[PDB]
Amino acid sequence: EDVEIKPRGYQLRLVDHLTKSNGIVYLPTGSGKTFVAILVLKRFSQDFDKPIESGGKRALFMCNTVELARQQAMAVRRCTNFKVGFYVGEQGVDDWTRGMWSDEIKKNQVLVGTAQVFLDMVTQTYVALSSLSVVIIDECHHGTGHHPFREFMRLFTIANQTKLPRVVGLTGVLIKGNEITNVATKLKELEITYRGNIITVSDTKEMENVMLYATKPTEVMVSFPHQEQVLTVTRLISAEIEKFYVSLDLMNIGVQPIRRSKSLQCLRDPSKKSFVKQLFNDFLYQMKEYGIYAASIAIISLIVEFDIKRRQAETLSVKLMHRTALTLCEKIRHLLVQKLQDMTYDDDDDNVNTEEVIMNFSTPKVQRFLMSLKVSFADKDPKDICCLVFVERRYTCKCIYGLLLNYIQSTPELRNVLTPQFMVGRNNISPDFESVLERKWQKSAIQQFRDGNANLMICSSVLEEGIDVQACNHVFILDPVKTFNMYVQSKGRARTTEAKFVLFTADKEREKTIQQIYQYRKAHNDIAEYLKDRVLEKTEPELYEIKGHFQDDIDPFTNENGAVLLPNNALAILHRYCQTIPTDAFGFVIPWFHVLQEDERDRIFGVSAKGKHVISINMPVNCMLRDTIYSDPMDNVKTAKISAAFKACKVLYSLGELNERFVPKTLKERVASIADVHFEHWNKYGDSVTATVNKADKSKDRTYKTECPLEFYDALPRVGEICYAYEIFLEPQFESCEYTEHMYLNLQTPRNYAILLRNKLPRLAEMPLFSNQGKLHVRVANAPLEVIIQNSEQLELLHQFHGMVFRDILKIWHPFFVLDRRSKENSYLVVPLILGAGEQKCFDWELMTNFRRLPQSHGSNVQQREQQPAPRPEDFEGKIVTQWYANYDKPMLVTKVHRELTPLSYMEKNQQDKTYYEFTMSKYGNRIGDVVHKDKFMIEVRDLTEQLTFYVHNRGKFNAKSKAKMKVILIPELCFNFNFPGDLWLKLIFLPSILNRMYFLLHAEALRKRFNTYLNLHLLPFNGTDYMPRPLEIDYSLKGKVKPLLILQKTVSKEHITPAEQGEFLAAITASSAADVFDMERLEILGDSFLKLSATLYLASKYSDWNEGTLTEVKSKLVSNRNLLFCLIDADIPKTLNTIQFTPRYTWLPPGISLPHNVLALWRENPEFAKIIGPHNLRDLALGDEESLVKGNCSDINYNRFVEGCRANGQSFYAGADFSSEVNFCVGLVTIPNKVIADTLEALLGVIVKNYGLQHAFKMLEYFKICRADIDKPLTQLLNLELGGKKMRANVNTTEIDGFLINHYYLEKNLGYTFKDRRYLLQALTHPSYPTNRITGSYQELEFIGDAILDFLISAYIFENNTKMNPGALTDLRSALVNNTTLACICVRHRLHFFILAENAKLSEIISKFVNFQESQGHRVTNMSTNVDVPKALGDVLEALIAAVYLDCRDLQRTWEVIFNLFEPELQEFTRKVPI
Amino acid sequence: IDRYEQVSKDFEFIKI
RNA sequence: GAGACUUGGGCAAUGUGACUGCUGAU
RNA sequence: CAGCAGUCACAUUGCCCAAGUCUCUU
RNA sequence: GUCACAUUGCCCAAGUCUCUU
RNA sequence: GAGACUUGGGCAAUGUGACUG
């Protein structure tokens, strides 16, 4: 600020002595005691920036009032280089944590705040007390009794009594109270309080030059008569005033809580009844004291305040009483103005008439006040006027202000010079007279006075202490002086020179006033006599003084971490804790105190407590303990009360109850409850309720292992068992055309390949397979054919046949594979069946006995062909061939036989006038000398497809393949022949696409059986069932009354329960990445919506004593994808999910073939070699044929090769490379992201709710241990789940309903649902701003559940009624149909805005302007002109009213009927273009 | 009582 | 009446916390 | 996050008024 | 809960060459 | 029936922007 801050002549030695020991300074106001405190901070500014944990310290600046806190904050910010923390209640301090407190302590080197804030900071031990270098105490004269200064000062004894912070006391007046006789008996109390000696400037005479800044004003007094004369009209008005008192005593207002005297004596009237009595008593006091003209404005104040009270009244009963009081006050005003107008007939000079009427009706005291002001000012300059006027009461201030305006306006000599003002203490009265409460004046009257706008200051005792004001030139004390400190500070408020102090006294009480003033003078002179006469000695060794002074009260309580509970602070914390209970309709949230009767002291504690009072504490009806606790025997009622409160707090804390931090105890832990009541299973996976992951996709992509279905494990047949053979049917769907002759005829042939199983199979429904020619429907035989392995060689031949088929005919093989007969995971055999005896098919042993080694294509020379016999034409019909002269080993399928053609063949389109013999000599004459069998036989052939994954739907199109294709004819002896028939080859191509659906179909059947067994559905359509064929999910992008919803129709009836088709479960299994015609995604939306509804309803039913915010923030974690993943992992489901898109050539392991067993052992049992061997090492295991097909293990060379593969990876750039991506399929491992697992969870939920209804789906949700069962009763239906209480139901009877429901039938005429209990409707229409919220609540709780209800109903309707919309647009329209704006449009169209109850400034106009806008626009849905704000309340009103309608009957069908009647036009308008 | 009793204009600011 | 203490209504100042309501910006 | 405003409970210092009890003076 | 723009995989329309005579 | 190849169209998994409740 400035460098003129050089200290005064006294402050240096003061701060010098303050370092040696504790000290307290007594200097008059305006002497810079704040600056010497700042100097103390400067001297003790050595260790401020160092952290506490390293030994650093800080300081603490104690305060008294928030206004003085701001003043001292400004004073310390202006001239300090440190950082100050401005700490004030009702914000931050009650919500901060130890981290924020410590971090603020790290930066802030000094702190300022009110007393109780520091009390809570220190007792709760946010930081150690030793962390403070010094403590600065303002207004130290308050440091006595139960005042917070003394309470904090008590903490020094119990704390570490070493390296204690320094305390300094500042006060303009040392003593508060009238016990001024023998002032030495009072100084020592404050002295021993801080154990510091009082110090005052010794050189008062020389430093009085500085005291000129606080000059003593001259002291004069004005005496006025106090004759006991009162007018007639006062006696008149008192009669009806006391009549109104009596009548108000008979008022019929509602019930009120317990109210009685301080010492629990007989009852007292409630606040809403006694406030008006107190106000009228004060008005009568003002009228009697100051005069009739004073009452002429006091009455205006009474009307303008009763109007505010009427406007702020919530119950209707209070409004009538306030109207009666307003009428009575209007009558009082009428009589006052009538008396005034009956006077003033003497003169017509309006200014002079007003001045003389003010002079006349004024009491002599106020008259003397008026003429004293007139003679003191006498039309001087406004800058010469600066004063404070102190009166007793607030309404006195307002009334004196109001009459002073009129008096100033009535005198031209004072009109331009006086500008009065007034303000009062915490009881903030409106500073306006003629206007209702609409004022917003940020600058307080103190700031206005500081600006110089006002010159005369009217004020109550608020300005006597603390507030720093300009050095006023006058002080007028209108009311008699009553206390010493008030007199001292009032005389100190005339801080400037030539100031005048004027006191107004009565004539007949003048002598006693003079005597009292003289007594105060002697007391003030004797204040310094104790310090002047004090023997020069320290103030330190007398610790017993402090001990005795502080042990008189009740002993405190302490525990671990240093937390201490103050017995004097027990009442506040008890009330705070008891206010957090869920209140009833009129439940009481405060402990009930009842002093025991006289002879009941000994009934509990014995005769020893006859005089010692004992009082019991009664807990509320919803407290944790419903019993009562009794006080210890104490000598007075207040000490007994505080002891009882302290013991109750101790008992509550000893149970875990009373918050450790001594608080109403209850927050995030309420959650923790339900939380672990749920997320307890997270701990075994390394997660918790407070733990979240947001980095490196951790807990987002997890590795899983797969298990074979229950019907393929150990399915390998053995010798001497009844084996089962299920043949495969392939039904051609595409028509027989030129391009589809073979694919139809050879696929309809009886010869089929079948599976040999040691176990049974269920009935598997037909599914389509899309190939190049079109679609093929595959069905498995329902009844297997029983066969027996009658010889070991037969089984060996069958297994070799399987192995060589998989090795060659499909080329689905790898060098490191081994023919497996030991491992039982997904192990089975496939065999061909042919007619041996009758229609039944036995083993086609001709195939197995021949095709142990597939015919190896080889070149034939002319000499060999000369020795080769001529092949018959039937030797190629239906067989497989391939050309050996060409380098291509691809097979060739014989289509048409040629018995009528010669090698010198006919003409063709390309080789016109050319024969096939000439063509083959020209093209491949290099490796053919001549055709020796050049007659009577060629073959017409066509190639076969190579694709295996026949899942793509559109790969089979023929629109562009309809064009002309060449006809290909080959010469027989130049192409090598296979005895294998292409008839079986064509069907055998489709085998992997059969197996990779049979796997997951058996898995889905197992899941269906599990979810039909747990839900005890074992009825007729579930054992002799016939499964409908595979459906096609078209929406996968690969090409008045109401109709009852099908989702809920199967809830009250059992005939409508559709059997759970295996196709639905299979779709719930297959993920999006599987690249198939069906998916889980559509059912995912419905499952999610059902999960949301169930979670919201369950939480709102079990916890009807919570708020919607806590319910939402708990159901968020309950429904979060993190919860669903861990839940379904606990369900051990993931082994039965379809994610990969069936890459057969690389990753789909053959069933009965796997890599060598020793590799499995020493690469899966060893963690050090878990994923070190890469695919580059595996492919090098080109084992021998006997080493792979019979022996089953690897040789020594291969052993060294694959044991050194990992080491070679660790010695090359391949070290650290990922060897888990699609190269870990050997052990069946799969990497699946959480978005798949969760979506499958609610996909299963959606399938279950679709097929079995809401009730069975909710019952199944219990199986996933998400909806935890209640101990009293396990669970009930989704409907009839009894929920409600004091927040979902109105807490008033039927009589009070009509007073809040002005019209109900007019809402019924459009809603259509006759309410049988209007409490739900009232609770839905109750806005938070409405006054009833404090005792009844608001519509938020009903809105919370109505949202979910509407969301699920709309989602179900758009799901079932539109079968071919991707979840996208489907739920996208949902958002358009659940948007807030369209809900408001619905509300305004049906005119529900009439009945909505709310009280707010904008809200009054927003609804009207929006309904006017909608009417002008013809109810046009925005989904707009001049940015009109949408009234978001109306949408929430609908969201709560829907829930209110539902709860009145607990039926969803009626709710949906009402919703459809409401939304009929929107569900026909939005479906066209779905506006976004 | 018909009306208040008027008080003298003059007085003294006597020292106390 | 002094002194000790208590009751009850009454006055002024101080402070906490709970509940809900506006308004603007992010 | 900030501004303004409303309702209600509890806590502390001090103050006069009335009534009552004891010690004590008369 | 859903949409638009930048990266893989599947299925087509155009046209071209190779392979099947 | 298939590959090679380019132009465009269609579908699903990652990054940005924004809307509804």
# chains A, B, ... in the order shown; residues from 1 in each chain; ligands from 1
$ interface_residues --of "chain A" --to "chain C" --cutoff "8 Å" --atoms "only C-alpha atoms (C1' of nucleotides)" --output "PyMOL selection string"
chain A and resi 64-65+89-90+116+261+392-393+425-426+460-462+576+579+1328-1331+1333-1334+1400-1402
$ interface_residues --of "chain E" --to "chain A" --cutoff "6 Å" --atoms "only C-alpha atoms (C1' of nucleotides)" --output "list in words"
residues 2, 11, 20 and 21 of chain E
$ closest_atom_pairs --of "stretch 989-1051 of chain A" --to "chain F" --cutoff "10 Å" --atoms "only C-alpha atoms (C1' of nucleotides)" --output "CSV"
residue,atom,partner,partner_atom,distance
A:1036,CA,F:11,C1',7.9
A:1037,CA,F:11,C1',5.8
A:1038,CA,F:11,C1',6.4
A:1039,CA,F:10,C1',9.0
$ interface_residues --of "chain A" --to "chain D" --cutoff "7 Å" --atoms "only C-alpha atoms (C1' of nucleotides)" --output "PDB file with C-alpha atoms, in the first residue's frame"
ATOM      1  CA  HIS A 142     -15.767 -11.991  24.910  1.00  0.00           C
ATOM      2  CA  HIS A 146     -19.480 -20.597  27.030  1.00  0.00           C
ATOM      3  CA  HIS A 147     -18.412 -18.216  24.258  1.00  0.00           C
ATOM      4  CA  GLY A 177     -21.280  -6.576  31.760  1.00  0.00           C
ATOM      5  CA  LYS A 440     -31.847  -6.037  -4.498  1.00  0.00           C
ATOM      6  CA  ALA A 572     -25.742 -28.813  17.915  1.00  0.00           C
ATOM      7  CA  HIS A 575     -29.721 -31.856  16.422  1.00  0.00           C
TER       8      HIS A 575
END
$ decode --residues "chain E" --atoms "N, CA, C and O atoms (P, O5', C5', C4', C3', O3' and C1' of nucleotides)" --output "PDB file, in the first residue's frame"
ATOM      1  P     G E   1     -26.521 -47.430 -23.487  1.00  0.00           P
ATOM      2  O5'   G E   1     -27.544 -46.883 -24.579  1.00  0.00           O
ATOM      3  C5'   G E   1     -28.807 -47.504 -24.761  1.00  0.00           C
ATOM      4  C4'   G E   1     -29.789 -46.584 -25.440  1.00  0.00           C
ATOM      5  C3'   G E   1     -29.359 -46.016 -26.783  1.00  0.00           C
ATOM      6  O3'   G E   1     -29.519 -46.928 -27.856  1.00  0.00           O
ATOM      7  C1'   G E   1     -30.240 -44.284 -25.452  1.00  0.00           C
ATOM      8  P     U E   2     -28.264 -47.294 -28.793  1.00  0.00           P
ATOM      9  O5'   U E   2     -28.281 -46.172 -29.925  1.00  0.00           O
ATOM     10  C5'   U E   2     -29.320 -46.133 -30.893  1.00  0.00           C
ATOM     11  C4'   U E   2     -29.413 -44.782 -31.564  1.00  0.00           C
ATOM     12  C3'   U E   2     -28.262 -44.402 -32.484  1.00  0.00           C
ATOM     13  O3'   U E   2     -28.359 -44.990 -33.770  1.00  0.00           O
ATOM     14  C1'   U E   2     -28.777 -42.581 -31.068  1.00  0.00           C
ATOM     15  P     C E   3     -27.042 -45.195 -34.670  1.00  0.00           P
ATOM     16  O5'   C E   3     -26.802 -43.771 -35.346  1.00  0.00           O
ATOM     17  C5'   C E   3     -27.689 -43.271 -36.337  1.00  0.00           C
ATOM     18  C4'   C E   3     -27.561 -41.777 -36.502  1.00  0.00           C
ATOM     19  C3'   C E   3     -26.294 -41.278 -37.184  1.00  0.00           C
ATOM     20  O3'   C E   3     -26.358 -41.355 -38.599  1.00  0.00           O
ATOM     21  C1'   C E   3     -26.697 -40.005 -35.231  1.00  0.00           C
ATOM     22  P     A E   4     -25.111 -41.920 -39.441  1.00  0.00           P
ATOM     23  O5'   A E   4     -24.165 -40.655 -39.653  1.00  0.00           O
ATOM     24  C5'   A E   4     -24.448 -39.681 -40.650  1.00  0.00           C
ATOM     25  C4'   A E   4     -23.586 -38.453 -40.483  1.00  0.00           C
ATOM     26  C3'   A E   4     -22.098 -38.636 -40.754  1.00  0.00           C
ATOM     27  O3'   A E   4     -21.774 -38.544 -42.133  1.00  0.00           O
ATOM     28  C1'   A E   4     -22.392 -37.513 -38.696  1.00  0.00           C
ATOM     29  P     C E   5     -20.749 -39.585 -42.805  1.00  0.00           P
ATOM     30  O5'   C E   5     -19.306 -38.993 -42.471  1.00  0.00           O
ATOM     31  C5'   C E   5     -18.816 -37.837 -43.139  1.00  0.00           C
ATOM     32  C4'   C E   5     -17.623 -37.244 -42.429  1.00  0.00           C
ATOM     33  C3'   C E   5     -16.357 -38.091 -42.420  1.00  0.00           C
ATOM     34  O3'   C E   5     -15.592 -37.954 -43.608  1.00  0.00           O
ATOM     35  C1'   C E   5     -16.800 -37.312 -40.231  1.00  0.00           C
ATOM     36  P     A E   6     -14.694 -39.176 -44.143  1.00  0.00           P
ATOM     37  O5'   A E   6     -13.216 -38.819 -43.662  1.00  0.00           O
ATOM     38  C5'   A E   6     -12.132 -39.705 -43.913  1.00  0.00           C
ATOM     39  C4'   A E   6     -11.161 -39.731 -42.759  1.00  0.00           C
ATOM     40  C3'   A E   6     -10.557 -41.092 -42.428  1.00  0.00           C
ATOM     41  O3'   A E   6      -9.432 -41.414 -43.231  1.00  0.00           O
ATOM     42  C1'   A E   6     -11.400 -40.114 -40.455  1.00  0.00           C
ATOM     43  P     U E   7      -9.296 -42.872 -43.898  1.00  0.00           P
ATOM     44  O5'   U E   7      -8.415 -43.707 -42.863  1.00  0.00           O
ATOM     45  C5'   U E   7      -8.054 -45.054 -43.139  1.00  0.00           C
ATOM     46  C4'   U E   7      -7.836 -45.845 -41.873  1.00  0.00           C
ATOM     47  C3'   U E   7      -8.192 -47.326 -41.940  1.00  0.00           C
ATOM     48  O3'   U E   7      -7.158 -48.123 -42.496  1.00  0.00           O
ATOM     49  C1'   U E   7      -9.160 -46.371 -40.006  1.00  0.00           C
ATOM     50  P     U E   8      -7.515 -49.379 -43.436  1.00  0.00           P
ATOM     51  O5'   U E   8      -7.266 -50.653 -42.511  1.00  0.00           O
ATOM     52  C5'   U E   8      -7.397 -51.970 -43.033  1.00  0.00           C
ATOM     53  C4'   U E   8      -8.066 -52.895 -42.047  1.00  0.00           C
ATOM     54  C3'   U E   8      -8.884 -54.031 -42.651  1.00  0.00           C
ATOM     55  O3'   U E   8      -8.100 -55.153 -43.019  1.00  0.00           O
ATOM     56  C1'   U E   8     -10.169 -52.932 -41.004  1.00  0.00           C
ATOM     57  P     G E   9      -8.404 -55.936 -44.391  1.00  0.00           P
ATOM     58  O5'   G E   9      -9.806 -56.651 -44.133  1.00  0.00           O
ATOM     59  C5'   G E   9      -9.893 -57.823 -43.332  1.00  0.00           C
ATOM     60  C4'   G E   9     -11.322 -58.145 -42.974  1.00  0.00           C
ATOM     61  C3'   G E   9     -12.251 -58.468 -44.135  1.00  0.00           C
ATOM     62  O3'   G E   9     -12.136 -59.807 -44.587  1.00  0.00           O
ATOM     63  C1'   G E   9     -13.300 -56.915 -42.706  1.00  0.00           C
ATOM     64  P     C E  10     -12.496 -60.182 -46.109  1.00  0.00           P
ATOM     65  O5'   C E  10     -14.088 -60.138 -46.159  1.00  0.00           O
ATOM     66  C5'   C E  10     -14.868 -61.100 -45.461  1.00  0.00           C
ATOM     67  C4'   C E  10     -16.341 -60.789 -45.548  1.00  0.00           C
ATOM     68  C3'   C E  10     -16.933 -60.722 -46.948  1.00  0.00           C
ATOM     69  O3'   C E  10     -17.232 -61.999 -47.489  1.00  0.00           O
ATOM     70  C1'   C E  10     -17.647 -58.846 -45.710  1.00  0.00           C
ATOM     71  P     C E  11     -17.175 -62.233 -49.077  1.00  0.00           P
ATOM     72  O5'   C E  11     -18.460 -61.472 -49.631  1.00  0.00           O
ATOM     73  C5'   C E  11     -19.768 -61.928 -49.317  1.00  0.00           C
ATOM     74  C4'   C E  11     -20.818 -60.911 -49.691  1.00  0.00           C
ATOM     75  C3'   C E  11     -20.871 -60.506 -51.155  1.00  0.00           C
ATOM     76  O3'   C E  11     -21.558 -61.445 -51.967  1.00  0.00           O
ATOM     77  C1'   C E  11     -20.956 -58.571 -49.802  1.00  0.00           C
ATOM     78  P     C E  12     -21.181 -61.595 -53.525  1.00  0.00           P
ATOM     79  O5'   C E  12     -21.073 -60.091 -54.037  1.00  0.00           O
ATOM     80  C5'   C E  12     -21.423 -59.737 -55.365  1.00  0.00           C
ATOM     81  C4'   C E  12     -22.387 -58.577 -55.382  1.00  0.00           C
ATOM     82  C3'   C E  12     -22.260 -57.621 -56.558  1.00  0.00           C
ATOM     83  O3'   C E  12     -22.912 -58.091 -57.724  1.00  0.00           O
ATOM     84  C1'   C E  12     -22.376 -56.382 -54.552  1.00  0.00           C
ATOM     85  P     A E  13     -22.838 -57.263 -59.102  1.00  0.00           P
ATOM     86  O5'   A E  13     -23.585 -55.897 -58.783  1.00  0.00           O
ATOM     87  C5'   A E  13     -24.584 -55.423 -59.698  1.00  0.00           C
ATOM     88  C4'   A E  13     -24.090 -54.180 -60.388  1.00  0.00           C
ATOM     89  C3'   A E  13     -22.973 -54.366 -61.414  1.00  0.00           C
ATOM     90  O3'   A E  13     -23.532 -54.694 -62.693  1.00  0.00           O
ATOM     91  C1'   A E  13     -22.370 -52.667 -59.892  1.00  0.00           C
ATOM     92  P     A E  14     -22.625 -55.274 -63.921  1.00  0.00           P
ATOM     93  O5'   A E  14     -21.623 -54.079 -64.247  1.00  0.00           O
ATOM     94  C5'   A E  14     -22.114 -52.802 -64.622  1.00  0.00           C
ATOM     95  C4'   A E  14     -20.992 -51.818 -64.835  1.00  0.00           C
ATOM     96  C3'   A E  14     -19.823 -52.309 -65.672  1.00  0.00           C
ATOM     97  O3'   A E  14     -20.079 -52.252 -67.064  1.00  0.00           O
ATOM     98  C1'   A E  14     -19.008 -51.230 -63.733  1.00  0.00           C
ATOM     99  P     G E  15     -19.872 -53.557 -67.980  1.00  0.00           P
ATOM    100  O5'   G E  15     -18.308 -53.574 -68.277  1.00  0.00           O
ATOM    101  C5'   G E  15     -17.677 -52.480 -68.927  1.00  0.00           C
ATOM    102  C4'   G E  15     -16.233 -52.351 -68.511  1.00  0.00           C
ATOM    103  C3'   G E  15     -15.359 -53.572 -68.753  1.00  0.00           C
ATOM    104  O3'   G E  15     -14.898 -53.671 -70.090  1.00  0.00           O
ATOM    105  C1'   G E  15     -15.019 -52.800 -66.554  1.00  0.00           C
ATOM    106  P     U E  16     -14.528 -55.107 -70.711  1.00  0.00           P
ATOM    107  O5'   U E  16     -13.073 -55.409 -70.137  1.00  0.00           O
ATOM    108  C5'   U E  16     -11.991 -54.532 -70.404  1.00  0.00           C
ATOM    109  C4'   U E  16     -10.804 -54.829 -69.525  1.00  0.00           C
ATOM    110  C3'   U E  16     -10.280 -56.256 -69.568  1.00  0.00           C
ATOM    111  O3'   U E  16      -9.460 -56.513 -70.694  1.00  0.00           O
ATOM    112  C1'   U E  16     -10.456 -55.551 -67.320  1.00  0.00           C
ATOM    113  P     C E  17      -9.598 -57.904 -71.487  1.00  0.00           P
ATOM    114  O5'   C E  17      -8.542 -58.860 -70.775  1.00  0.00           O
ATOM    115  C5'   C E  17      -7.159 -58.537 -70.767  1.00  0.00           C
ATOM    116  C4'   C E  17      -6.447 -59.168 -69.596  1.00  0.00           C
ATOM    117  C3'   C E  17      -6.475 -60.687 -69.534  1.00  0.00           C
ATOM    118  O3'   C E  17      -5.520 -61.298 -70.383  1.00  0.00           O
ATOM    119  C1'   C E  17      -7.009 -59.806 -67.411  1.00  0.00           C
ATOM    120  P     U E  18      -5.793 -62.767 -70.979  1.00  0.00           P
ATOM    121  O5'   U E  18      -5.554 -63.737 -69.738  1.00  0.00           O
ATOM    122  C5'   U E  18      -4.278 -63.836 -69.125  1.00  0.00           C
ATOM    123  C4'   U E  18      -4.346 -64.577 -67.814  1.00  0.00           C
ATOM    124  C3'   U E  18      -4.960 -65.967 -67.862  1.00  0.00           C
ATOM    125  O3'   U E  18      -4.058 -66.958 -68.323  1.00  0.00           O
ATOM    126  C1'   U E  18      -5.876 -64.768 -66.047  1.00  0.00           C
ATOM    127  P     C E  19      -4.598 -68.195 -69.194  1.00  0.00           P
ATOM    128  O5'   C E  19      -5.445 -69.055 -68.153  1.00  0.00           O
ATOM    129  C5'   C E  19      -4.814 -69.691 -67.053  1.00  0.00           C
ATOM    130  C4'   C E  19      -5.794 -70.490 -66.234  1.00  0.00           C
ATOM    131  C3'   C E  19      -6.816 -71.301 -67.013  1.00  0.00           C
ATOM    132  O3'   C E  19      -6.293 -72.506 -67.541  1.00  0.00           O
ATOM    133  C1'   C E  19      -7.897 -70.162 -65.251  1.00  0.00           C
ATOM    134  P     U E  20      -6.826 -73.052 -68.956  1.00  0.00           P
ATOM    135  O5'   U E  20      -8.210 -73.754 -68.595  1.00  0.00           O
ATOM    136  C5'   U E  20      -8.270 -74.778 -67.615  1.00  0.00           C
ATOM    137  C4'   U E  20      -9.694 -75.114 -67.245  1.00  0.00           C
ATOM    138  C3'   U E  20     -10.661 -75.293 -68.404  1.00  0.00           C
ATOM    139  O3'   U E  20     -10.556 -76.565 -69.017  1.00  0.00           O
ATOM    140  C1'   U E  20     -11.657 -73.938 -66.742  1.00  0.00           C
ATOM    141  P     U E  21      -9.493 -76.811 -70.206  1.00  0.00           P
ATOM    142  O5'   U E  21     -10.335 -77.628 -71.283  1.00  0.00           O
ATOM    143  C5'   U E  21     -10.114 -77.425 -72.691  1.00  0.00           C
ATOM    144  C4'   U E  21     -11.426 -77.460 -73.437  1.00  0.00           C
ATOM    145  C3'   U E  21     -11.502 -76.583 -74.680  1.00  0.00           C
ATOM    146  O3'   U E  21     -11.160 -77.336 -75.839  1.00  0.00           O
ATOM    147  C1'   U E  21     -13.270 -76.027 -73.219  1.00  0.00           C
TER     148        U E  21
END
